[PDB]
>>> print(open('work-v5.tsv').read())   # TSV, C-alpha atoms and all ligand atoms
chain	number	residue	atom	x	y	z
O	1	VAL	CA	0.00	0.00	0.00
O	2	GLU	CA	1.52	3.30	-1.15
O	3	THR	CA	0.18	6.64	0.25
O	4	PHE	CA	0.36	9.85	-1.79
O	5	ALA	CA	-0.63	13.48	-1.16
O	6	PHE	CA	-3.05	15.07	-3.60
O	7	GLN	CA	-1.68	18.16	-5.28
O	8	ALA	CA	-2.70	21.19	-3.14
O	9	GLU	CA	-5.24	22.43	-5.76
O	10	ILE	CA	-7.00	19.02	-5.81
O	11	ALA	CA	-7.14	18.83	-2.05
O	12	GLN	CA	-8.59	22.34	-2.03
O	13	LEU	CA	-11.21	21.23	-4.64
O	14	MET	CA	-12.15	18.20	-2.58
O	15	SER	CA	-12.53	20.34	0.57
O	16	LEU	CA	-14.73	22.78	-1.29
O	17	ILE	CA	-16.92	19.90	-2.53
O	18	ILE	CA	-17.19	18.45	0.95
O	19	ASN	CA	-17.78	21.75	2.78
O	20	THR	CA	-19.95	23.91	0.53
O	21	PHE	CA	-23.64	23.78	1.31
O	22	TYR	CA	-25.18	22.54	-1.93
O	23	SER	CA	-28.31	20.39	-1.97
O	24	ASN	CA	-28.28	19.18	-5.64
O	25	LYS	CA	-25.90	16.29	-4.85
O	26	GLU	CA	-27.44	13.86	-7.40
O	27	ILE	CA	-25.31	15.25	-10.22
O	28	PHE	CA	-22.39	13.11	-9.01
O	29	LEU	CA	-23.88	10.17	-10.90
O	30	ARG	CA	-24.00	11.79	-14.31
O	31	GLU	CA	-20.38	12.93	-13.91
O	32	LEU	CA	-19.20	9.35	-13.21
O	33	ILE	CA	-21.32	7.93	-16.04
O	34	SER	CA	-19.95	10.62	-18.34
O	35	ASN	CA	-16.40	9.56	-17.38
O	36	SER	CA	-17.29	5.95	-18.08
O	37	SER	CA	-18.72	6.96	-21.48
O	38	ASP	CA	-15.51	8.84	-22.41
O	39	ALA	CA	-13.43	5.77	-21.37
O	40	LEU	CA	-15.63	3.46	-23.42
O	41	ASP	CA	-15.40	5.81	-26.47
O	42	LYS	CA	-11.60	5.69	-26.02
O	43	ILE	CA	-11.20	1.93	-26.06
O	44	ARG	CA	-13.76	1.71	-28.89
O	45	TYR	CA	-11.69	4.24	-30.91
O	46	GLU	CA	-8.36	2.53	-30.17
O	47	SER	CA	-9.76	-0.85	-31.26
O	48	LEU	CA	-10.61	0.34	-34.75
O	49	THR	CA	-6.88	0.27	-35.50
O	50	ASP	CA	-5.86	-2.49	-33.13
O	51	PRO	CA	-8.58	-5.08	-32.66
O	52	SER	CA	-6.46	-6.93	-30.12
O	53	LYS	CA	-7.20	-4.16	-27.60
O	54	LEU	CA	-10.57	-5.90	-27.15
O	55	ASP	CA	-9.05	-9.31	-26.27
O	56	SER	CA	-9.64	-8.24	-22.64
O	57	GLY	CA	-13.41	-7.95	-23.34
O	58	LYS	CA	-15.51	-6.99	-26.34
O	59	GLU	CA	-18.59	-5.87	-24.43
O	60	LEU	CA	-18.80	-2.06	-23.95
O	61	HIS	CA	-21.22	-1.15	-21.20
O	62	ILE	CA	-21.93	0.40	-17.81
O	63	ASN	CA	-23.35	-1.35	-14.69
O	64	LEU	CA	-24.78	0.49	-11.70
O	65	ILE	CA	-24.73	-1.76	-8.64
O	66	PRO	CA	-26.26	-0.68	-5.28
O	67	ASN	CA	-25.45	-2.74	-2.21
O	68	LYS	CA	-27.39	-1.84	0.96
O	69	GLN	CA	-25.52	-4.28	3.21
O	70	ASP	CA	-22.18	-2.66	2.23
O	71	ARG	CA	-23.75	0.82	1.78
O	72	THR	CA	-22.05	1.23	-1.63
O	73	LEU	CA	-23.02	2.32	-5.09
O	74	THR	CA	-20.60	1.02	-7.70
O	75	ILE	CA	-20.34	2.46	-11.24
O	76	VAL	CA	-18.63	-0.18	-13.39
O	77	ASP	CA	-17.50	0.27	-17.00
O	78	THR	CA	-15.51	-1.83	-19.46
O	79	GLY	CA	-13.81	1.33	-20.81
O	80	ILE	CA	-10.10	1.86	-21.37
O	81	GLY	CA	-9.13	1.66	-17.68
O	82	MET	CA	-6.35	3.64	-15.98
O	83	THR	CA	-2.63	2.86	-15.58
O	84	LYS	CA	-0.70	3.29	-12.33
O	85	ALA	CA	0.83	6.40	-13.89
O	86	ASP	CA	-2.68	7.80	-14.51
O	87	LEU	CA	-3.64	7.17	-10.85
O	88	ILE	CA	-0.57	8.59	-9.14
O	89	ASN	CA	0.43	11.37	-11.47
O	90	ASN	CA	-1.20	12.09	-14.76
O	91	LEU	CA	-4.83	12.61	-13.78
O	92	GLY	CA	-3.87	15.06	-11.07
O	93	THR	CA	-1.63	16.97	-13.50
O	94	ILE	CA	-4.49	17.19	-15.95
O	95	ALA	CA	-6.89	18.11	-13.11
O	96	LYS	CA	-4.76	21.09	-12.02
O	97	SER	CA	-6.01	23.59	-14.65
O	98	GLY	CA	-9.67	22.46	-14.56
O	99	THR	CA	-9.61	22.93	-10.81
O	100	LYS	CA	-8.47	26.56	-11.01
O	101	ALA	CA	-11.00	27.43	-13.70
O	102	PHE	CA	-13.78	25.75	-11.72
O	103	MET	CA	-12.83	27.50	-8.50
O	104	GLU	CA	-12.77	30.78	-10.45
O	105	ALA	CA	-16.14	30.21	-12.10
O	106	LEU	CA	-17.61	29.59	-8.58
O	107	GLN	CA	-17.38	33.38	-8.05
O	108	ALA	CA	-18.99	34.67	-11.21
O	109	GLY	CA	-21.66	32.58	-9.57
O	110	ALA	CA	-21.24	29.19	-11.27
O	111	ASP	CA	-22.40	26.37	-9.07
O	112	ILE	CA	-21.13	22.90	-8.23
O	113	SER	CA	-23.40	21.24	-10.84
O	114	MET	CA	-21.12	22.70	-13.55
O	115	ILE	CA	-17.98	20.91	-12.34
O	116	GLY	CA	-18.02	18.52	-15.30
O	117	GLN	CA	-17.42	21.40	-17.79
O	118	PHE	CA	-13.97	21.75	-16.14
O	119	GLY	CA	-12.96	18.05	-16.50
O	120	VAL	CA	-12.90	17.35	-12.75
O	121	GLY	CA	-16.34	15.79	-12.29
O	122	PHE	CA	-14.89	12.64	-10.67
O	123	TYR	CA	-14.40	14.60	-7.45
O	124	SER	CA	-18.08	15.33	-7.22
O	125	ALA	CA	-18.17	11.73	-5.89
O	126	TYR	CA	-17.38	13.33	-2.57
O	127	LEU	CA	-20.78	15.00	-2.45
O	128	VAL	CA	-22.24	11.64	-1.48
O	129	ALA	CA	-19.32	9.32	-0.53
O	130	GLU	CA	-17.24	9.36	2.68
O	131	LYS	CA	-14.76	7.06	0.94
O	132	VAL	CA	-14.19	6.27	-2.77
O	133	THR	CA	-12.44	3.14	-3.99
O	134	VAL	CA	-11.50	2.86	-7.67
O	135	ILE	CA	-10.55	-0.54	-9.06
O	136	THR	CA	-9.14	-0.28	-12.59
O	137	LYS	CA	-7.37	-2.40	-15.21
O	138	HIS	CA	-5.82	-0.90	-18.37
O	139	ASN	CA	-4.49	-3.23	-21.09
O	140	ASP	CA	-0.93	-2.14	-20.68
O	141	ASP	CA	-0.80	-2.54	-16.91
O	142	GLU	CA	-1.78	-4.49	-13.81
O	143	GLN	CA	-5.05	-4.17	-11.91
O	144	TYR	CA	-4.91	-1.44	-9.23
O	145	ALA	CA	-7.04	-0.18	-6.36
O	146	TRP	CA	-6.97	3.57	-5.63
O	147	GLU	CA	-8.69	4.82	-2.53
O	148	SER	CA	-9.32	8.07	-0.73
O	149	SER	CA	-11.37	9.40	2.14
O	150	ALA	CA	-10.15	12.90	1.20
O	151	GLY	CA	-8.27	14.70	3.94
O	152	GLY	CA	-5.39	15.28	1.54
O	153	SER	CA	-4.20	11.80	0.66
O	154	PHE	CA	-5.00	8.76	-1.36
O	155	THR	CA	-3.55	5.22	-1.56
O	156	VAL	CA	-2.70	2.94	-4.49
O	157	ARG	CA	-2.04	-0.84	-4.22
O	158	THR	CA	-1.97	-3.63	-6.79
O	159	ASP	CA	-5.39	-5.26	-6.55
O	160	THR	CA	-5.66	-8.98	-5.49
O	161	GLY	CA	-9.46	-8.95	-5.83
O	162	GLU	CA	-11.43	-10.50	-8.66
O	163	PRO	CA	-9.58	-9.72	-11.97
O	164	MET	CA	-11.79	-7.54	-14.10
O	165	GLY	CA	-10.52	-7.98	-17.67
O	166	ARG	CA	-10.40	-4.22	-18.55
O	167	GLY	CA	-12.23	-1.17	-17.26
O	168	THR	CA	-12.93	0.67	-14.03
O	169	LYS	CA	-15.20	0.31	-10.98
O	170	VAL	CA	-15.84	3.37	-8.90
O	171	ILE	CA	-17.11	2.19	-5.51
O	172	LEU	CA	-18.87	4.92	-3.58
O	173	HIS	CA	-18.99	4.27	0.17
O	174	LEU	CA	-21.98	6.47	0.88
O	175	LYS	CA	-22.34	8.94	3.71
O	176	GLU	CA	-24.84	7.87	6.37
O	177	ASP	CA	-27.38	10.42	5.21
O	178	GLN	CA	-26.92	9.68	1.52
O	179	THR	CA	-28.46	6.18	1.26
O	180	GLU	CA	-31.17	7.36	-1.08
O	181	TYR	CA	-28.68	6.61	-3.86
O	182	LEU	CA	-29.05	2.92	-3.05
O	183	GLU	CA	-32.73	2.94	-4.02
O	184	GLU	CA	-33.68	1.64	-7.46
O	185	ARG	CA	-36.39	4.23	-8.08
O	186	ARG	CA	-34.00	7.07	-7.13
O	187	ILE	CA	-31.15	5.82	-9.34
O	188	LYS	CA	-33.57	5.26	-12.25
O	189	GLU	CA	-34.91	8.79	-11.87
O	190	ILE	CA	-31.40	10.29	-11.94
O	191	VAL	CA	-30.20	8.28	-14.93
O	192	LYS	CA	-33.36	9.28	-16.84
O	193	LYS	CA	-32.94	12.95	-15.93
O	194	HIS	CA	-29.19	13.43	-16.57
O	195	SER	CA	-27.78	10.47	-18.48
O	196	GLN	CA	-30.63	9.41	-20.78
O	197	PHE	CA	-28.64	9.47	-24.03
O	198	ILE	CA	-25.44	7.71	-23.13
O	199	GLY	CA	-24.33	5.63	-26.12
O	200	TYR	CA	-23.77	2.38	-24.18
O	201	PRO	CA	-26.13	0.08	-22.28
O	202	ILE	CA	-26.47	1.13	-18.64
O	203	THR	CA	-27.75	-1.73	-16.51
O	204	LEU	CA	-29.17	-0.78	-13.14
O	205	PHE	CA	-28.80	-3.84	-10.90
O	206	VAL	CA	-31.38	-4.51	-8.27
O	207	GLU	CA	-30.91	-5.67	-4.73
B	301	LIG	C1	-10.30	12.85	-16.34
B	301	LIG	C2	-10.77	11.50	-16.91
B	301	LIG	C3	-9.95	10.43	-16.96
B	301	LIG	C4	-9.74	9.61	-15.69
B	301	LIG	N1	-10.95	8.79	-15.47
B	301	LIG	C5	-11.94	9.07	-14.64
B	301	LIG	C6	-11.98	10.30	-13.78
B	301	LIG	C7	-10.99	10.18	-12.64
B	301	LIG	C8	-10.29	11.33	-12.22
B	301	LIG	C9	-9.40	11.22	-11.16
B	301	LIG	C10	-9.24	10.00	-10.54
B	301	LIG	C11	-9.97	8.89	-10.94
B	301	LIG	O1	-9.81	7.67	-10.35
B	301	LIG	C12	-9.18	7.50	-9.07
B	301	LIG	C13	-10.84	8.96	-12.01
B	301	LIG	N2	-12.85	8.07	-14.62
B	301	LIG	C14	-12.45	7.18	-15.51
B	301	LIG	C15	-12.98	5.94	-16.03
B	301	LIG	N3	-14.15	5.52	-15.58
B	301	LIG	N4	-12.24	5.25	-16.93
B	301	LIG	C16	-11.08	5.75	-17.40
B	301	LIG	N5	-10.52	6.90	-16.96
B	301	LIG	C17	-11.19	7.64	-16.07
>>> encode(input="work-v5.tsv", output="structure tokens")
Amino acid sequence: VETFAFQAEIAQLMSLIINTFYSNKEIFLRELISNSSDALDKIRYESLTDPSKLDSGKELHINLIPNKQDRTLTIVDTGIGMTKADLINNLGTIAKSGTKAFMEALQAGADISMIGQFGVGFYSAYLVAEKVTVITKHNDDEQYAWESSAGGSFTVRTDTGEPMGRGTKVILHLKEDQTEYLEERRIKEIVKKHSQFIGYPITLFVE
């Protein structure tokens, strides 16, 4: 288990997301689904010129899996996945500029729902989750588990869990007062409202 500090701008973003009073928390789900859709587009595009990139799984889809016993909502995709370098370094580097922009827009009276326009929508997970675990497998790399409860650090370990072929699972460990996002009718409503035209099957699992 390796522990890393977020870049200061990302930690500041996460604290803003956690601390700002903002009731429209449900938008976290469309930001994660949007990320999954971009990742699926990416592997789909890469496969057109190298069909072997689909040896790790041809099916291109999104699963939403609520688990009341564990209090988690998991967004699974079979998209391109992330490398260790993505997790530790590259995503944060990319996230640096979007963070500043977003934080700037927030006076000029943007609101948190617009976070996705700045390429940092992943962090809106922290509107509803006390802890986020990301399990991910990219073709050129091993399977990894990233985790963070915010507070300025995250961990990365090689994952010994169930091998996943290729793709990413974002496991949201929900805050005590956010269990509505475990309810089928609530998830269905949100997907219909914000993610109704995603170009991949989204299967909402039931409990
Ligand atoms: C900024 C988008 C790329 C990183 N990314 C994201 C957001 C993202 C940002 C920062 C960290 C993170 O995982 C720990 C994930 N979701 C992805 C996905 N489902 N598949 C592939 N890559 C993903």
>>> atom_distance(input="work-v5.tsv", atom1="CA of residue 100 (chain O)", atom2="CA of residue 133 (chain O)")
24.8 Å
>>> residues_around(input="work-v5.tsv", residues="residue 47 (chain O)", least_positions_apart="2", cutoff="12 Å", atoms="only C-alpha atoms", output="list in words")
residues 40, 41, 42, 43, 44, 45, 49, 50, 51, 52, 53, 54, 55, 56, 57, 58, 60, 79, 80 and 139 of chain O
>>> residues_near_ligand(input="work-v5.tsv", ligand="ligand LIG 301 (chain B)", cutoff="8 Å", atoms="all atoms listed in the file", output="NGL selection string")
:O and (32-33 or 35-40 or 76-77 or 79-82 or 86-87 or 91-92 or 94-95 or 119-123 or 133-134 or 136 or 146-147 or 167-170)
>>> closest_residue(input="work-v5.tsv", among="O:132, O:198, O:204, O:85", to="residue 72 (chain O)", atoms="only C-alpha atoms")
O:132
>>> closest_residue(input="work-v5.tsv", among="O:197, O:173, O:66, O:75", to="residue 185 (chain O)", atoms="all atoms listed in the file")
O:66
>>> residues_around(input="work-v5.tsv", residues="residue 172 (chain O)", least_positions_apart="5", cutoff="8 Å", atoms="all atoms listed in the file", output="NGL selection string")
:O and (72-74 or 125 or 128-133)
>>> atom_distance(input="work-v5.tsv", atom1="CA of residue 61 (chain O)", atom2="CA of residue 48 (chain O)")
17.3 Å
>>> axis_aligned_box(input="work-v5.tsv", around="region 173-192 of chain O", padding_each_side="8 Å", output="JSON")
{"center_x": -27.7, "center_y": 6.0, "center_z": -5.2, "size_x": 33.4, "size_y": 24.8, "size_z": 39.2}
>>> closest_residue(input="work-v5.tsv", among="O:178, O:107, O:196, O:99", to="residue 9 (chain O)", atoms="all atoms listed in the file")
O:99
>>> atom_distance(input="work-v5.tsv", atom1="CA of residue 207 (chain O)", atom2="CA of residue 29 (chain O)")
18.4 Å
>>> residues_near_point(input="work-v5.tsv", point="(-17.0, 23.1, -0.7)", cutoff="12 Å", atoms="all atoms listed in the file", output="ChimeraX atom specification")
/O:10-23,25,102-103,106,111-112,115,123-124,126-127
>>> closest_residue(input="work-v5.tsv", among="O:162, O:183, O:70, O:31", to="residue 143 (chain O)", atoms="only C-alpha atoms")
O:162
>>> closest_residue(input="work-v5.tsv", among="O:118, O:84, O:109, O:97", to="residue 138 (chain O)", atoms="only C-alpha atoms")
O:84
>>> closest_residue(input="work-v5.tsv", among="O:135, O:201, O:191, O:7", to="residue 96 (chain O)", atoms="only C-alpha atoms")
O:7
>>> build_atoms(input="work-v5.tsv", residues="region 33-55 of chain O", atoms="N, CA, C and O atoms", output="short mmCIF file (atom, residue, chain, number, x, y, z; two decimals), in the frame of the given file")
data_model
loop_
_atom_site.label_atom_id
_atom_site.label_comp_id
_atom_site.auth_asym_id
_atom_site.auth_seq_id
_atom_site.Cartn_x
_atom_site.Cartn_y
_atom_site.Cartn_z
N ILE O 33 -20.88 8.62 -14.82
CA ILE O 33 -21.32 7.93 -16.04
C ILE O 33 -20.69 8.60 -17.27
O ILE O 33 -20.26 7.93 -18.19
N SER O 34 -20.64 9.91 -17.28
CA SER O 34 -19.95 10.62 -18.34
C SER O 34 -18.46 10.19 -18.48
O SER O 34 -17.92 10.00 -19.61
N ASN O 35 -17.77 10.08 -17.35
CA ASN O 35 -16.40 9.56 -17.38
C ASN O 35 -16.32 8.18 -17.96
O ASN O 35 -15.38 7.88 -18.67
N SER O 36 -17.26 7.30 -17.57
CA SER O 36 -17.29 5.95 -18.08
C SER O 36 -17.52 5.98 -19.59
O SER O 36 -16.85 5.27 -20.34
N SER O 37 -18.45 6.81 -20.02
CA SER O 37 -18.72 6.96 -21.48
C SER O 37 -17.48 7.44 -22.28
O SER O 37 -17.20 6.91 -23.34
N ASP O 38 -16.74 8.43 -21.77
CA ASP O 38 -15.51 8.84 -22.41
C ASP O 38 -14.48 7.70 -22.50
O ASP O 38 -13.80 7.53 -23.53
N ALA O 39 -14.35 6.91 -21.42
CA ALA O 39 -13.43 5.77 -21.37
C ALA O 39 -13.85 4.65 -22.35
O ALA O 39 -12.99 3.94 -22.94
N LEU O 40 -15.15 4.43 -22.48
CA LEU O 40 -15.63 3.46 -23.42
C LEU O 40 -15.41 3.96 -24.88
O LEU O 40 -14.94 3.21 -25.73
N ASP O 41 -15.70 5.23 -25.14
CA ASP O 41 -15.40 5.81 -26.47
C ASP O 41 -13.91 5.57 -26.79
O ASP O 41 -13.55 5.26 -27.93
N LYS O 42 -13.04 5.79 -25.80
CA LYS O 42 -11.60 5.69 -26.02
C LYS O 42 -11.15 4.28 -26.40
O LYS O 42 -10.41 4.10 -27.40
N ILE O 43 -11.58 3.27 -25.65
CA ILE O 43 -11.20 1.93 -26.06
C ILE O 43 -11.85 1.55 -27.41
O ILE O 43 -11.24 0.83 -28.23
N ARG O 44 -13.10 1.97 -27.61
CA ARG O 44 -13.76 1.71 -28.89
C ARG O 44 -12.91 2.33 -30.03
O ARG O 44 -12.59 1.67 -31.00
N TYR O 45 -12.52 3.60 -29.88
CA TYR O 45 -11.69 4.24 -30.91
C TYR O 45 -10.36 3.51 -31.12
O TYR O 45 -9.98 3.21 -32.25
N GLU O 46 -9.64 3.25 -30.04
CA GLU O 46 -8.36 2.53 -30.17
C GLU O 46 -8.46 1.16 -30.85
O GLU O 46 -7.52 0.72 -31.53
N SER O 47 -9.58 0.48 -30.67
CA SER O 47 -9.76 -0.85 -31.26
C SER O 47 -9.94 -0.84 -32.76
O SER O 47 -9.59 -1.81 -33.42
N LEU O 48 -10.45 0.25 -33.31
CA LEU O 48 -10.61 0.34 -34.75
C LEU O 48 -9.28 0.13 -35.48
O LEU O 48 -9.28 -0.37 -36.60
N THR O 49 -8.16 0.50 -34.86
CA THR O 49 -6.88 0.27 -35.50
C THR O 49 -6.04 -0.81 -34.85
O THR O 49 -4.96 -1.18 -35.34
N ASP O 50 -6.50 -1.33 -33.73
CA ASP O 50 -5.86 -2.49 -33.13
C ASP O 50 -6.91 -3.28 -32.42
O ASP O 50 -7.18 -3.05 -31.22
N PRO O 51 -7.53 -4.19 -33.17
CA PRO O 51 -8.58 -5.08 -32.66
C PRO O 51 -8.19 -5.91 -31.44
O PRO O 51 -9.08 -6.38 -30.71
N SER O 52 -6.89 -6.14 -31.26
CA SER O 52 -6.46 -6.93 -30.12
C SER O 52 -6.67 -6.21 -28.78
O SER O 52 -6.58 -6.82 -27.73
N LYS O 53 -6.95 -4.91 -28.83
CA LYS O 53 -7.20 -4.16 -27.60
C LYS O 53 -8.50 -4.59 -26.95
O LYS O 53 -8.73 -4.29 -25.77
N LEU O 54 -9.34 -5.32 -27.70
CA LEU O 54 -10.57 -5.90 -27.15
C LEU O 54 -10.47 -7.36 -26.70
O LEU O 54 -11.46 -7.93 -26.22
N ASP O 55 -9.29 -7.96 -26.83
CA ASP O 55 -9.05 -9.31 -26.27
C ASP O 55 -9.41 -9.40 -24.80
O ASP O 55 -9.76 -10.46 -24.32
#
